[PDB]
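These protein sequence lines map, in sequence, to chains j, i, n, m, I and K. Heads up, the first sequence is in the entry's author numbering, so the first residue is 2 and it goes up one at a time. Heads up, the second sequence is in the entry's author numbering, so the first residue is 2 and it goes up one at a time. Heads up, the third sequence is in the entry's author numbering, so the first residue is 2 and it goes up one at a time. Heads up, the fourth sequence is in the entry's author numbering, so the first residue is 2 and it goes up one at a time. Heads up, the fifth sequence is in the entry's author numbering, so the first residue is 2 and it goes up one at a time. Heads up, the sixth sequence is in the entry's author numbering, so the first residue is 2 and it goes up one at a time. Heads up, the thing below is written out as C-alpha cells.
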Amino acid sequence: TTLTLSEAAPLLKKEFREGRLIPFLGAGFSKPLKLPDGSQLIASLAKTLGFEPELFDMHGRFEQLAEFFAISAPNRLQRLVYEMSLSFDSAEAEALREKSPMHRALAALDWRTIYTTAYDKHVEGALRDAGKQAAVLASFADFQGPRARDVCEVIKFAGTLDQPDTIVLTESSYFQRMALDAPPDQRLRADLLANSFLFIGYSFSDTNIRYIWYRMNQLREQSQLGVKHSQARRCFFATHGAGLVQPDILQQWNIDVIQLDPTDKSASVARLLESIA
Amino acid sequence: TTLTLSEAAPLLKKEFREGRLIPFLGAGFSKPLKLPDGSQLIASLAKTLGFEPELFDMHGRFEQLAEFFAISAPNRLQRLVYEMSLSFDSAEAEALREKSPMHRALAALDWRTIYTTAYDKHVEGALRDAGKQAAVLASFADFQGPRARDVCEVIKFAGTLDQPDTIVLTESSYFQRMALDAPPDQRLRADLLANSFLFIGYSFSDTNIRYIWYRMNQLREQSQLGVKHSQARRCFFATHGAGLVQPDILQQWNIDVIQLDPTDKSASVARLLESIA
Amino acid sequence: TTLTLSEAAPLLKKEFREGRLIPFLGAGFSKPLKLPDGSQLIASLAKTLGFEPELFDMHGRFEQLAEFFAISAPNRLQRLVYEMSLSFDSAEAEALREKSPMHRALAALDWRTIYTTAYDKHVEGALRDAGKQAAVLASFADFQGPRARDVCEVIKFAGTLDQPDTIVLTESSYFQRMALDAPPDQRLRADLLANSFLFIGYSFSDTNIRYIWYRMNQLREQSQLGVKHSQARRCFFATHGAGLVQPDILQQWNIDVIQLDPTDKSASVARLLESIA
Amino acid sequence: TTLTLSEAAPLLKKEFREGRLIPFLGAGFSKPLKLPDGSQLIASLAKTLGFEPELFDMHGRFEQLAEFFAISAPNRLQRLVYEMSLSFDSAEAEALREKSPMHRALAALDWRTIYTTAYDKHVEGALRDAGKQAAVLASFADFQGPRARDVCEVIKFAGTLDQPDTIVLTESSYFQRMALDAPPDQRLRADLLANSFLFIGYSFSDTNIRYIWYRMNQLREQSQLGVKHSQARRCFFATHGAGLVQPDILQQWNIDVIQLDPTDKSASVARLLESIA
Amino acid sequence: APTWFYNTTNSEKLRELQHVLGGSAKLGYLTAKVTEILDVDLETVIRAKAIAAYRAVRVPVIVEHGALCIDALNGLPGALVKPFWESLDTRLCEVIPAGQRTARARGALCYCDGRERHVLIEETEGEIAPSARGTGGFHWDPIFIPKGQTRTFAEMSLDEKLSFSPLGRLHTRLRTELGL
Amino acid sequence: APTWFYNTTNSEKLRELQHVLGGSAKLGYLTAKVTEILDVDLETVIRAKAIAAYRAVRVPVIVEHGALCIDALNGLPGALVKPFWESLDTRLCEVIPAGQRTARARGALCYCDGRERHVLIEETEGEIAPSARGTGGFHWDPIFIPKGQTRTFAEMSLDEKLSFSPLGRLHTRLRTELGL
Ligand SMILES: NC(=O)c1ccc[n+]([C@@H]2O[C@H](COP(=O)([O-])OP(=O)(O)OC[C@H]3O[C@@H](n4cnc5c(N)ncnc54)[C@H](O)[C@@H]3O)[C@@H](O)[C@H]2O)c1
Ligand SMILES: NC(=O)c1ccc[n+]([C@@H]2O[C@H](COP(=O)([O-])OP(=O)(O)OC[C@H]3O[C@@H](n4cnc5c(N)ncnc54)[C@H](O)[C@@H]3O)[C@@H](O)[C@H]2O)c1
Ligand SMILES: NC(=O)c1ccc[n+]([C@@H]2O[C@H](COP(=O)([O-])OP(=O)(O)OC[C@H]3O[C@@H](n4cnc5c(N)ncnc54)[C@H](O)[C@@H]3O)[C@@H](O)[C@H]2O)c1
Ligand SMILES: NC(=O)c1ccc[n+]([C@@H]2O[C@H](COP(=O)([O-])OP(=O)(O)OC[C@H]3O[C@@H](n4cnc5c(N)ncnc54)[C@H](O)[C@@H]3O)[C@@H](O)[C@H]2O)c1
Ligand SMILES: O=c1nc[nH]c2c1ncn2[C@H]1C[C@H](O)[C@@H](COP(=O)(O)OP(=O)(O)OP(=O)(O)O)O1
Ligand SMILES: O=c1nc[nH]c2c1ncn2[C@H]1C[C@H](O)[C@@H](COP(=O)(O)OP(=O)(O)OP(=O)(O)O)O1
Ligand SMILES: [Zn+2]
Ligand SMILES: [Zn+2]
C-alpha cells in the first residue's frame, strides 16, 4: 500500500527523462541547515508575546497563532521577517549548505521548475553552488521580468524574505490564497495539468495545497476516463512518518507515498535524489 | 475584552426588535439531548474500522477522519447516516426536547430565519412543540418548493438526515462547499450583508465558516468606511470556553464574544435566550 | 387438498437435515413487532398527501400508490425511507424482538440462507440475539464484499433501509426487477434450482415472485420428466388465510399450502418452526 | 392536468394527417354491442364452477380467476372459447354494429394499423361494413402470409376466437407474454418507436401493457434528450372515468388523458373519432 | 460569574478550600479528572497538572497537589503519595523505623490563566505517628503529627488543622495574588 | 528497511534487546524520550507509554516498562520503580524487613502499529538480597535474587541473566507475534 525506495526509483527515472517531473519542496528540506520548522517558530512567537510555548500551541492552528502575532502590535509582522532573514539566510546556514548531501543531490539533476514553500534562499542557492543558475519567481513583477532562455525557475509558492509582501504566514494571507488568483497559484495549476510532482520535506497540512489537488481530480472525474487511464499519471509523496489515514486520502488524488527510512532522515532523502540520476 | 451576559443583553434586544438578529446554532445546542458531538462520532467511527479511539484521533482532523471512513468500504457512508438517524432523532431524544430549557427559550422568540449546522430535527422540532411552524430548507428543491408567507425558515447549513445527499461530513464535501455555490452558502452570504448573527453552541473550527466572514470584511475594507461606521454592525459569539487567541482573531471580523458561565452550560444559554425576550 | 401442521412437519424435517430448505420471509413476519404492513403504509401515505385512507386505496394497487407518492414532490421518497427507519428499526421494536417466540424459533435452527422481503433488521437481528452471526446481502457490493467462511447469508430480496437505493417500493422499481437481472434476482433463481422454500408471512401478491416460479415450471416441463419425478421437489406455503383459488394455482408450480391456525397467528408460526427442530 | 375533447382535437388532427396515429382499442369498445366486459365473464365463470359471483371475485385478479377456471377440468378452456364465439360474434351483435356510431366513425378514417385487445370480429368487421378491407394479424402464420399492397392491418394483440391458441386469458398466458417475444409484442414495440397511440375503451390494468411503455421511457431517458425534446411525442388516453392517481403515473410515460363525458359513453367516443376527420 | 475555577475530583479537598475561600464570589468550582506524570518532585508534577487541567476545562484554572517526603525513605513518596496510601494504608507507620520518623508535608497550588503558570508552595515539618490515631480528616491525616504538636491532623478539627497544614498559608497567598 | 522500531532512551536496555533480537533485520531502533503516567499498575503504564511514543515517532513502535512489586511494601513500587532506585539506592535493601524479602520482577513489552496496542507481560518470582552484591547489569540488579538461584542479576552474565529475567521469555513472544 506504500512504495519503497527501490520500487519508486524506476518510476521516477521515467518521468525525469521525459522532463515531466517537478520537485515540490517543503520546510523539512532545510532541517539539516539547523533552521526552525513550523513548531519552533511558534516557540519563538510565544516568547515575544509573553506566552509559554506549550500553552500558546493549544490556542489554535499554525495559521491562527501567526494571525494573533501580527495584530498584537503595529509593525509586528515586519520585525518577524527581519528576524527570520537574520536566522534563515545567515552565513553559517550557507556554510552548512554546500556540505549538505541533499542540496548537492538536488542540484546535480537538470531540473526546469522547482516549487518551494520555504522562506530561505537555500534551494536556488544550492543551484548556484553547483555552477548552475536559477530564477526566483515569487511576485507578479518576477514573472513579467527578464530571465535567461533555459534556467531552472524556482517558484516560491509561499513567498521570499526579500519581498515581504509575498509571504503567506498569517491566516488572512492563507484565506487570500484560497481564490487561487496569485501568480504562484496560477502557475502551479497549469503545471499540475501535465506533470508529475515529487513532494520532499512537505506534509499536507495546509488546506490551500489539498484544495488544488481536489479540483484537479474533479476535472479528471468529469472527463469520464476509464479505470486504467485516470490512474496513469501519478504524483509522489516522500515522507518518513506518514500515518495510516493520510496515505489513503491521497490515493483519491493520484498521490503515491514513498516510505523513507526514519532513522537518518537526511540520508534517506539523498538516496532518493541520487536514484533519479 | 469580552462581553458578559448582562452587558450583551441590551445589545441583543435592539437587534431583535428591529428584526435583524439571526441565530446560528451548532452541534453543542443538542448536548442536553445526550447526543454525540464531533468527538464521540470519531469514537464510534474508530470502533467500526477497528481502531482504538485515542489512536484514531491522532491521524488527522475531523474532516479527514470521516473521509477515511467513507472510502474504507462501499456503502459505508450511507450506513452511517442510517445509524445517525436512529440515535439523533430517536423518540427518547424527542422526549428530552420538550423539557429542555434552551429549546423552550429558543421557540418562545419570534424568529424569521435560523441557521443550524446539526444533523437532527431538534431545532425546528422545538418550534413545532411551541405551536409554531417551521420550514426546513436544505437542498435546492426546498428553496424552490412552496412555503407559508410568514414561517420561520430553518436553514440546514450542513444538511439534514432525511436528505442524505446534503450532508457535509467528509473532507471532499467541505472542499465542495469552498466555492460558496450551494444554496445554503448563497443564502448565508446575503443574510450576512444586512443582519447580526448570534452564535450559540458553535465553535469556529470549520474553515468554510471562517472564510465567509473573511470575505465580508473584504467588502467592508474596500468600501472605505470610517473607524466609527465600519464597527457599527457586530456579530455575537456566545461560548463557555473561548481561549485567548480566538476572541482577538474575530475582532477583525466584527464578532463579539459573550462569555457564559461554564459551571452549568445548559442554564447559561437559557438565560441568554430569555434575556432577549 | 391442504397440509396441516402435523402432516407437513416430517416433510420439513427431511429437507432441513439435508440442508435443502430455505425460509422465505415476508412482511407478516414482523407483525408481532407492532410494525405496519402494506395496508398501514398506504394509510400513512394518504395522510401526507391529503387523502382519506379509504379513498386513496381505491385509486390503484400497492405498487401504484407508492409510485404516486414518490413523484408528488422532490425528495419525497427519501423522506419516507428516513421515517420508515425511525419506526421499523426503533429501540422498542428491538425490545419486542428478543421476547418474540417466532424470532427465537427461527434463530434456533442452523440455516444457511434466508430470503426476506421486509425493510427491517429483525431477521438477521434475531440471529445476533441467539449468539449467531449473519451477513446481509442486498446490493452488488455486498455480494462482492468479504464475509466469513460459514455464516447464514440473509438475502434482502426487497432491499434494506441502510441502503436506500436497493428498496423496491414504487411501481417503476418493480418493473425494473422484471428483467430478473438484480443480484437478489440472480441468487434466488439459482437457489430455486436445487432447494425447497418455506414461505412464512408472505402472500403471493407481487408479480415479480409469481413470474419466477412460472419460469421454473417451464424448465421443468421442457425437461420432459414423468408424472412421478416432476412432482418430487415441493415448496411450502404457510398461510393462516389462504382462499379457494390461490392454493390451486400454486399446485401447478410445486407449492404446497400449510394451513395454520388463524386464532393466534403468532403461536401457529412458532409451532411450525419448532417442529422443524 | 387533463385534456378535454376540444383541446385534444387539433392535436389528433396533426398526428393523423402525418399518418403517425394508431388506435389502441380495448374491451370497452364493444360495450354498445351488449357484450360482456371483464366483469361479466367472471360472473359467467363462477356460474359454471358453482361459485357465487360476488364470492368468486374476492379470490384474485381477473388473470388469476381465469387460470383457476382453465384447470378445474380437462377441455374447460376450449369450451369457454366456443361459448364466447357464440355470444361475441353472433348475428345480433353484427346487426347492432352497422348502426353503432362509434364503429361508423372508426371506419370513416383511413387508418393503416389498428391494435385491439378484444376477442371479436367487430373492429375489422366495421371496416368491411364501410366498403374497406382489413387484414387480421394474430399469429405468426398471419404475418408470414399474403396480404394486399395497402390494407389496414388489424393487429389482434390478445388473440382471435378463430385461432384459439392465440388467446391470452389465463395467468400463465400473460406470463408467457412477459418476455415480449410474441409477434404481436414485437410489432407493437416497433410501432411505439415512431407513432402516437390513441387508447379508446381500454384501461391500463394489464401489466403487460404497462411494462412496454415503461421500457420505451428507458430508451428515452438513456438517450439523454432535453426537457423540450423528450416531451414532444405524446400518446393519448381517452377515458370517461380516470381517477386521481393513474393520470399522473402515465405522465411519466408520455401518455395524455382525454376526459370524455361520462353521461353518454357511446356518444362521447363518437364525437372524438369524428373530430379527427 | 466566577473568573477562576478550582479543579479537583477529591471532595475532601473541596470542602477544605470552601471553608476559607468559600466566601469569595470570584472563585468557581470544576471537577475534571487529570492524570499526573511520574516524578517525585512536587514542582514538576503540579506544573504539568495545571496544563493538563487547562486543556480539559479551557478556563483560568487552579489545581492542587501534595507531597509527603519522608527522611527514612530519602524523600519518598514525594509527589507519589497518592499510590502509597492506596497500597500501604496504616502499614506505612510500620515500614518506617522507630527513631527517625521525621517527614515534611508539602503542598502546592498552581494557577494557569492560559498563558502562564505560577506555583505557590508551602511546607510543614512534622513526624510520622507511631500508629494511626484520629478519626477526622482524610488520607494520611491519622499518621502525621506536626512539629511541636502532639496530635495528628486527624485528631484536630478543620480550623485547627488549617492552622498547621500547608493549605492554611496558601489561602492568603492565593487570595492576594488573584484578588479573590 | 525496518518495519518495527524499539524506542528506548536507556542504553542498557538497548544492548540487552540487541543481544537476542539484534539479528532481526526487521527491527530498527529509536531513542525518543516519553513521560510515564503516575500509576502502580504495570498494564496501565505500559499502555499509556506506547501511545505517547507513537505520537513522538509516528512509526510502528515497541516500548518497554518494568515493575518491582515487593510483598513487604504491598506491591510498591510496582511501575514506580524508576524513582525508587534514584532515591533509595542500596538503602532499599535496608528499608525492607529481614524475613519477608519476597518480590516479583515484572516486565512488559507493548507494540503499537498505529491502530492497536498489544501488551506482553512476563514475570519472575524472587527475593530482595540482604545487601547489594554484584557488579554487572544495571539498575536494581544487585538487589534481586530469583527463586531457586542464590546469585543476583548483577552476579550473572548476560546470557545467564536472560535465562531468568522477564525479557528472556519476551523475546520469543515478540518474535513470534511480529514475525521478526
Ligand atoms: N524558511 C523555512 O524554511 C520555514 C520554516 C518554518 C516554517 N516555514 C513555513 O511555515 C510552514 C509550516 O512548516 P512545517 O515544517 O510545520 O510543515 P512542512 O509540511 O513544510 O514540513 C514537514 C515535513 O518536513 C519533513 N521533514 C522533517 N524533517 C525532515 C528532514 N530532516 N529531512 C527531510 N524532511 C524532513 C516531515 O517529514 C514532514 O513531512 C511551512 O510550510 C513554511 O511555509 C518555513
Ligand atoms: N446531529 C448533531 O447534532 C451533530 C453531532 C456531531 C457532529 N455534527 C456535525 O460535525 C461538526 C463537529 O461537531 P463539534 O461539536 O465538534 O463542533 P461545534 O462547533 O458544532 O460544537 C462545539 C461547540 O458546542 C459548544 N457546546 C458544547 N456543549 C454545550 C452545551 N451543553 N450547551 C451549549 N453549547 C455547548 C462548545 O462550547 C463549543 O463552542 C459539527 O459542526 C456538525 O456539523 C453534528
Ligand atoms: N419493514 C417491513 O416489515 C414492511 C412493512 C410494510 C411493507 N413492507 C414491504 O411492502 C410489501 C407489502 O406487502 P404486504 O405486507 O401487503 O403482504 P405480505 O405478502 O408481505 O404479508 C402478508 C402475509 O403476512 C401474513 N401475516 C399477517 N399477520 C401475520 C402474523 N401475525 N404472523 C405471521 N404471518 C402473518 C399474512 O397471512 C399474509 O400471508 C411488503 O411485501 C414489503 O416489501 C415491508
Ligand atoms: N371479446 C371482448 O370484447 C372481451 C370481453 C371481455 C374481456 N375481454 C378481454 O379481457 C380484458 C379485461 O376486460 P376489461 O373490460 O375489464 O378491461 P378493458 O381495459 O379492456 O376495458 C375497460 C375500459 O372500457 C371502457 N369502457 C367501458 N364502457 C365503455 C363504453 N360504453 N364506451 C367506450 N369505452 C368504454 C372503460 O372506461 C374502461 O377504460 C380485456 O382487456 C380483453 O382482453 C375481451
Ligand atoms: O491535607 C491532607 N490531609 C490528608 N490527606 C490529603 C491531604 N492532601 C491530600 N491528601 C490526599 C488525598 C489524596 O489521596 C492524595 C493527594 O493526591 P491527589 O492526586 O492530589 O488527589 P486526587 O486525585 O484524589 O484529587 P485531585 O483531582 O485534586 O488531584 O493525598
Ligand atoms: O532488567 C533490568 N535489570 C536492572 N535494571 C533495570 C532493568 N530493567 C529496567 N531497569 C531499570 C532501568 C530504569 O532505571 C528502570 C526502568 O524505568 P524506565 O522508565 O523504563 O527506564 P528509562 O526511562 O531510563 O528508559 P526508557 O526510555 O526505555 O523508558 O528500571
Ligand atoms: Zn489526582
Ligand atoms: Zn522512562
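Don't be surprised by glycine CBs; every beta carbon is placed ideally from N, CA and C.
Taking residue i as the query, report the chain i residues whose CB atoms sit under 8 Å from its CB, ordered along the chain.
i, result
"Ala2 of chain I", "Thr5, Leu6, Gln260, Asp262"
"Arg116 of chain I", "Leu245"
Using a Cβ-Cβ cutoff of less than 6 Å, which residues in the same chain neighbour residue i once the five nearest sequence positions on both sides are dropped?
i, result
"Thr10 of chain K", "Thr32, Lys34"
"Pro84 of chain I", "none"
"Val258 of chain i", "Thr3, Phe238, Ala243, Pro248"
"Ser86 of chain n", "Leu162"
"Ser101 of chain m", "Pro33"
"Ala135 of chain m", "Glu125, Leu128, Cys153, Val155"
Find the nearest neighbour of residue i within the set the options, judged by alpha-carbon distance.
i, options, result
"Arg21 of chain i", "i:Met217, i:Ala239, i:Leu199", "i:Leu199"
"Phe70 of chain i", "i:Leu87, i:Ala44, i:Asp182", "i:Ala44"
"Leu128 of chain i", "i:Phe141, i:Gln145, i:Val152, i:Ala139", "i:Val152"
"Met59 of chain j", "j:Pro75, j:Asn76, j:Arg77, j:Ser40", "j:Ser40"
I want to verify the contact list: residues of chain I whose CB lies under 7 Å from the CB of residue i, in sequence order.
i, result
"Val21 of chain K", "Per Cβ cutoff of 7 Å: no residues; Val21 of chain K is ~28 Å from chain I at best."
Leaving out the 5 sequence neighbours to the left and right, which residues in its chain are closer than 7 Å to residue i when beta-carbon positions are compared?
i, result
"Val137 of chain m", "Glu125, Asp143, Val155, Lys157, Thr161"
"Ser73 of chain n", "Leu50"
"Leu170 of chain i", "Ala67"
"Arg188 of chain n", "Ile156"
Residue j and residue i - do their beta-carbons sit closer together than 8 Å?
i, j, result
"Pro3 of chain K", "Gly29 of chain K", "yes"
"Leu42 of chain n", "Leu97 of chain n", "no"
"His241 of chain n", "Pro263 of chain n", "yes"
"residue 186 of chain I", "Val64 of chain I", "Because chain I here runs from 2 to 181, residue 186 of chain I falls outside it and cannot be looked at."
"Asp192 of chain n", "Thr117 of chain n", "no"
"residue 192 of chain I", "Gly67 of chain I", "With chain I covering 2 to 181 only, the question about residue 192 of chain I has no answer from this structure."
"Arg118 of chain K", "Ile38 of chain K", "no"
"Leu274 of chain n", "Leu107 of chain n", "yes"
Name the chain j residues that come within less than 7 Å of residue i, Cβ to Cβ?
i, result
"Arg59 of chain K", "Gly242, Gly244"
Excluding five sequence neighbours on each side, which residues of the same chain lie with their C-beta closer than 8 Å to the C-beta of residue i?
i, result
"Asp38 of chain m", "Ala28, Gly29, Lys32"
"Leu181 of chain I", "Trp5, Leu22, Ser25, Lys27, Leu28, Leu175"
"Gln232 of chain i", "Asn255"
Taking C-beta pairs closer than 8 Å, name the residues in chain K that residue i reaches, listed in chain order.
i, result
"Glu37 of chain I", "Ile38, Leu39"
- Minimum length 4: unbroken alpha helix (DSSP H) runs contained in the segment 183-210 of chain i: 184-192
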